[PDB]
Ligand SMILES: *[C@@H]1O[C@H](CO)[C@@H](O)[C@H](O)[C@H]1NC(C)=O
Ligand SMILES: *[C@@H]1O[C@H](CO)[C@@H](O)[C@H](O)[C@H]1NC(C)=O
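Residue numbers (the entry's author numbering), protein chains in the order written: chain U, 261 to 309; chain D, 163 to 166, 180 to 211; chain C, 310 to 355, 364 to 428, 435 to 453, 477 to 501, 505 to 604; chain Y, 31 to 64; chain B, 949 to 997.
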């Protein structure tokens, strides 16, 4: 999964991956490029048998 | 089917019996590796 | 009030005739496809349709249509459907679980020891892709599995095959129902300036809503808005003093 | 020789036009720093 | 903007591709899903008020 930032008169200007870093997953979950200080819940973890 | 430095990028994908070909272009600097 | 419909340039009638009236039909173990494009095709010359109603097929426009040559036993025609349980159907021709087109049944009385089908293969088959036994309909007498001709049609994208219907002129700054390449809607059309890529077609803003349309004929830019609507209210002094009320129309410049 | 790919391998996933918005997809793409 | 299990998420695309007995079930699914969403929004608004 990706998340693409368009613009006015806009082609693809910036994009950050959704499965690279926990910060990247946080950016992908809050759906914004700027996250203020705090605690956030993103997904659930599980062990594959 | 018959039809009519720099870095050129082709992206190939295959699904549902179909194959998509994508093209791109960018002028780059002459260097041994690829710049970011 | 009024109506605007814009379609691309009409072309010649494309020849469905020789692909339905063909003197020879390929087998199933060798699967040939017949690509059909750049058309104004009339379907009134023409079963079961899965996804598109056959009566309303004449109106909407498509990107590209694909027709397939396919010869199969008589009672096996009911196994050509999305997600069928047939292992033989799993081995010769698989239809995808999501389907859009139609299946047509045809007779072949004139047609032996020439057609085969593969029934031994390791693993399943992904759809629309490419040890043998002879078929059984060699005896021309009517038994019950007399062969049939089956052609299947398979149909967001650039469009070149549209229904034959008259194109009209375009009205501006007055809300109207519009039909752009089969995309229907209703609203005000405005000549606003929003940039498009030269290959780009449509425009949506937030909620999968058709907002901007490139004109299919003169290649200009049309913004779509919904024309005026809202809640209405009535104010009254109570029906004990009078019977005259007043009407409030909400959030409209009511010229 | 063994290199890395960063900020590369992005394309338009579909054929509609947006402005000042954000969209998420699930198709095949090139992961960053691969 | 979700289809709720129907063949498409746009009502005008449903009414331009089906007759008046195969589009009825898809229309029913859209009615049920959007009714659930609107009722949920009304309940949250009542509690916040
Ligand atoms: C389509 O038809 C219009 C109306 O005759 C014409 O002006 C135009 O050149 C045609 N071709 C294209 C590509 O729009
Ligand atoms: C309503 O529209 C007219 C003409 O476009 C304009 O003169 C008038 O100022 C508008 N009303 C408001 C409240 O903006």
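The beta carbon of each residue, even a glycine, is placed where N, CA and C say it ideally should be.
Per DSSP, the bridge partner or partners of residue 202(D): For the purposes of this step, residue 202(D) is taken as the residue at position 27 of the second chain. Answer by DSSP bridge pairing, in chain order: 181(D).
Simplified DSSP assignment, three categories, for residue 980(B): As a working mapping, residue 980(B) is identified with position 32 in the fifth chain. Reduced to three states, the DSSP call for residue 980(B) is helix.
Local conformation of residue 190(D) per DSSP, three classes: In the second chain, counting from the first residue as 1, residue 190(D) sits at position 15. Of the three classes helix, strand and coil, the one that applies to residue 190(D) here is strand, per DSSP.
Contact list for the segment 541 to 567 of chain C against chain B, Cβ threshold 9 Å: 555, 556, 557, 558 and 559
Any 3 or more C-beta pairs closer than 8 Å across the segment 964 to 978 of chain B and the segment 580 to 599 of chain C: no
Residue 567(C): CB within 7 Å of a non-hydrogen atom of ligand 2: Translated into positions along the third chain, residue 567(C) becomes position 218. False, no ligand heavy atom lies under 7 Å from that Cβ.
Per DSSP, the bridge partner or partners of residue 489(C): To locate residue 489(C), count along the third chain from 1; it is residue 143. BP columns for residue 489(C) are empty, so no partner.
Beta-carbon proximity of residue 424(C) to residue 494(C), cut-off 8 Å: Looking up residue 424(C) in the third chain gives position 107. Looking up residue 494(C) in the third chain gives position 148. For residue 424(C) and residue 494(C), yes; Cβs fall inside 8 Å.
Contact check, residue 399(C) vs residue 376(C), beta carbons under 8 Å: Walking along the third chain from the start, residue 399(C) turns up at place 82. Walking along the third chain from the start, residue 376(C) turns up at place 59. Cβ atoms of residue 399(C) and residue 376(C): not closer than 8 Å.
Residues of the segment 960 to 976 of chain B with Cβ closer than 9 Å to any Cβ of chain C, in chain order: 960, 961, 963, 964, 965, 966, 967, 970 and 971
Contact belief for residue 265(U) with residue 54(Y) at Cβ below 8 Å, rounded distance in angstroms: Numbered from 1 along the first chain, position 5 holds the residue referred to as residue 265(U). Numbered from 1 along the fourth chain, position 24 holds the residue referred to as residue 54(Y). Not really, about 11 Å apart at Cβ, beyond 8 Å.
Amino acids of chain Y, ordered along the chain, whose beta-carbon sits closer than 9 Å to that of residue 188(D): Within the second chain, numbered from 1, the residue matching residue 188(D) stands at position 13. Ordered by position in chain Y, the residues that pass the 9 Å Cβ test against residue 188(D) are 57 and 58.
Amino acids of chain B, ordered along the chain, whose beta-carbon sits closer than 8 Å to that of residue 368(C): Within the third chain, numbered from 1, the residue matching residue 368(C) stands at position 51. Simply 955 and 965.
Residue 318(C) beta carbon near ligand 1 (any heavy atom closer than 7 Å): On the third chain, residue 318(C) is found 9 positions in, with the first residue counted as 1. Residue 318(C) Cβ: within cutoff of ligand 1.
Contacting residues, own chain, Cβ-Cβ under 6 Å from residue 977(B) (five flanking each side not counted): Locating residue 977(B) in the fifth chain gives position 29, counting from the first residue. Once the five neighbours on either side are set aside, the close Cβ partners of residue 977(B) are 952, 953 and 954.
Endpoints, beta strand (DSSP E) assigned at residue 527(C): To locate residue 527(C), count along the third chain from 1; it is residue 178. That run of the beta strand (DSSP E) goes 525 to 529.
Chain Y residues whose Cβ lies nearer than 8 Å to that of residue 197(D): As a first step, residue 197(D) is located in the second chain; it is residue number 22 there, counting from the start. What residue 197(D) touches in chain Y: 41.
Segment contact, 8 Å Cβ cut-off, at least three pairs: the segment 383 to 390 of chain C with the segment 324 to 343 of chain C: yes
Residue burial classification, residue 528(C) (beta-carbon count within 10 angstroms, cutoff 16): The sequence position of residue 528(C) within the third chain is 179, counting from 1. Buried is the call here.
Cβ-heavy atom distance, residue 539(C) to ligand 2, below 7 Å: As a first step, residue 539(C) must be located in the third chain, where it is residue number 190. With a cut-off of 7 Å, the C-beta of residue 539(C) is classified as distant from ligand 2, since no heavy atom of the ligand falls inside that distance.
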